[PDB]
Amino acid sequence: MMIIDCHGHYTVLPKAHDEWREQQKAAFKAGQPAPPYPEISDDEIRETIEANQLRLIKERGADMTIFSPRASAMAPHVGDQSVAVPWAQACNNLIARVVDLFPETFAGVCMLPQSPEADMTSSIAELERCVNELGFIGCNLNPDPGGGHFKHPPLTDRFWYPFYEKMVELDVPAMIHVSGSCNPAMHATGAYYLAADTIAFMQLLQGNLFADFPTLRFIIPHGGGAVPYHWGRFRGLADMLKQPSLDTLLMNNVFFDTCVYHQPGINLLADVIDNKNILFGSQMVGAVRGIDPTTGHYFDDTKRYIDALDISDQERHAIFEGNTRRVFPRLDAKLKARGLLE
């Protein structure tokens, strides 16, 4: 069995990328056109990947990561589409370069040129660019470009439907993912991420999207936010609302990663969420890069937790490889084509 980390971002980047974004943001304020993008060097990228992800991958024993842009640096709220298209384009192009340099190790997933004041029309074009052109396999979907006030329609809205249709056309899932927090009242990677996970879940709970899009597949990170910890709570509200059971309404279409940075959380996730819904990931080099004083191992080396479970090979296969190949059909294919058959 492979070991496929379904959640991981290019977080430790070359100097000149983070340059142009800041100056890019800068010519928007000064009502200026932006300057040319720096032409990065192949081996500048190689360094960052070899020094970071590729090093931990090797030490932790993984096979590939599904790899998208730094999510905290997405920042759709800055500014309008003018800043956010060339900016998403720059970030995905880099994800594309990293796949080309290390295509045995990384599979492409794109962020969207979403902006508060716009619809999904450009995001559709970027997704078709990145799937049909650059060979990506899914996308990251920001349910709140405003940056920390959840001022957007639920995912059950028809605001998003034009986008779900193309997701269905291309056969790619979305990872529901928020970005940086310009809500001064909200820590991004401690509060904001975990809140948007639950809200999105509770949103779908309130509707029935997947009656409309039966093959639409979402991933909700961080082990679904606060959802498994409160699994019984969400089951009783399905009744309170007069809704179908969770297993029927959502859990053919919603999936949870394993970025829960301690054994008891991973224990609870496996106890309460069906094996088919659980995708391995750890987003290494992210929100918690330190050792855990209590376990002598890194907080984000989650594979250590899944290997601590008492689960079968059949279950263990599903978590590390199976679910993710079924959730990402385009990656399954590419792997079958290499003779890597499940």
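Numbering starts at 1 and follows the sequence shown.
- Averaged over CA atoms, B-factors in the entry run higher in 118 to 126 than in the other of 233 to 241 and 118 to 126.
- Of the two segments, 137 to 145 and 80 to 88, the one listed with the higher mean B-factor is 80 to 88 (C-alpha atoms only).
- Reading the B-factor column for the CA atoms of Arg55, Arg304, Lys29, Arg289 in the entry, the top value corresponds to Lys29.
- If you compare the C-alpha temperature factors of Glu59, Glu50, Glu44, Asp63 in the entry, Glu44 comes out highest.
- In the deposited entry, the Cα temperature factor of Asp310 sits in the top third of values across the chain's modelled residues.
- Compared with the other modelled residues of the chain, the Cα B-factor recorded for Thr105 ranks in the lowest third.
- The deposited CA B-factor of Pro162 belongs to the middle third of values across its chain.
- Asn275: CA B factor lies in the middle third for its chain, per the PDB record.
- In this PDB entry, the Cα temperature factor of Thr324 sits in the middle third of its chain's modelled residues.
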